[PDB]
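Residue numbers (the working numbering), protein chains in the order written: chain A, 12 to 44; chain B, 12 to 44; chain C, 12 to 44.
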Amino acid sequence: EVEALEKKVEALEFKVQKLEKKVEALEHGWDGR
Amino acid sequence: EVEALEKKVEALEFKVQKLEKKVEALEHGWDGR
Amino acid sequence: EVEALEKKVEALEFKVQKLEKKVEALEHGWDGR
């Protein structure tokens, strides 16, 4: 259980990091985005 | 503890999925979004 | 393990909440955003 939860949390941390990058790009008009 | 953490993680996976969909809609101009 | 996972999940819940707010601001044109 714990091990699979660590796995899920680590996938979520990646997803959230990618979201943060894309949201910042949208807010700042980065590179015409 | 584990059970409530599984609950929290599963709510987060949904939230993150909805965010991903909304962010893609914003990036692609999907449906005038 | 559990304690550090609770920590990670709680940081993620904050990050996701901030993302949700920023994504809503982008969708609604809130305050010229």
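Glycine is no exception: its CB is placed at the ideal position from the N, C-alpha and C atoms.
Cα-Cα separation, residue i to residue j
i	j	result
C:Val20	A:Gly40	30 Å
B:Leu16	C:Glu31	21 Å
B:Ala22	B:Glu35	20 Å
A:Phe25	C:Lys26	12 Å
B:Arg44	C:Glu38	7 Å
C:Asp42	B:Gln28	26 Å
A:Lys33	B:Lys33	11 Å
C:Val13	A:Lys18	13 Å
Residue i in three-state terms, based on DSSP
i	result
C:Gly43	helix
A:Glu12	coil
| request: Compile a chain-ordered list of the residues in the region 19-32 of chain B whose CB is closer than 8 Å to at least one CB of chain C. | output: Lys19, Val20, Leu23, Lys26, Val27 and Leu30
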